[PDB]
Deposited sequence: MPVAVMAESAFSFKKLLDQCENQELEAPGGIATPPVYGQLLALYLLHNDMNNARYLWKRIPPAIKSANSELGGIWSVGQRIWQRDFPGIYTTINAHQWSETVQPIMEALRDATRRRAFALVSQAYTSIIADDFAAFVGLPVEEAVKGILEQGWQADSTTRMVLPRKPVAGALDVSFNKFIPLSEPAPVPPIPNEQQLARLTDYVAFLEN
C-alpha cells in the first residue's frame, strides 16, 4: 500500500513544482511507479513532459523509459532484460524490483487465462525464468507439463433489506 501513497506524494510534489519543474529523483520515482502500476498512458505523458535538459543530465531516466518501452510493446523478455540492466541509490530499486514481481505475476496470469497449451520455451520466456525452472515451478498447482512434446497445459484460476426498502420507498414515494 506504500507504493500508492508514494505515487500520490510524488504526483503532488511534481504539481507543486517551484518553477514548474520537479527534481530528477522525483521524476524517476514517478516514472517507475507508473510502470509498476501498469499505467502506460500517464507514464508516456510523463516522459514527454519531462524537460530534455533533465533527461540529458540524468541518464537513468533513459533506462526507466527503455523498460517502459518494453512494457508498451508487451515484450516480456525485453522487460526482464531491461530491468536487470540498471541500479540506483535505493529509491527506484525498491519500486523496480517490485515491478519485476508484478510483471512476473502478470505474465503467469496471462498464460493461465489465455493459453490452453503453451510450449515450455514460450512459457519460460513469458515468466522470465530458465525453462527447467519454469517447468518445475508449476508443481503444486497442476499445470500438467509434458516432456518430449515440451507442451505445458495452463490451468484457468448485510444491508440488502435496507437497499430493498430504499428501492420501494423510491418507487412508491
{"query": "Deposited-sequence ranges lacking C-alpha coordinates, in sequence order", "finding": "1-10, 168-193"}
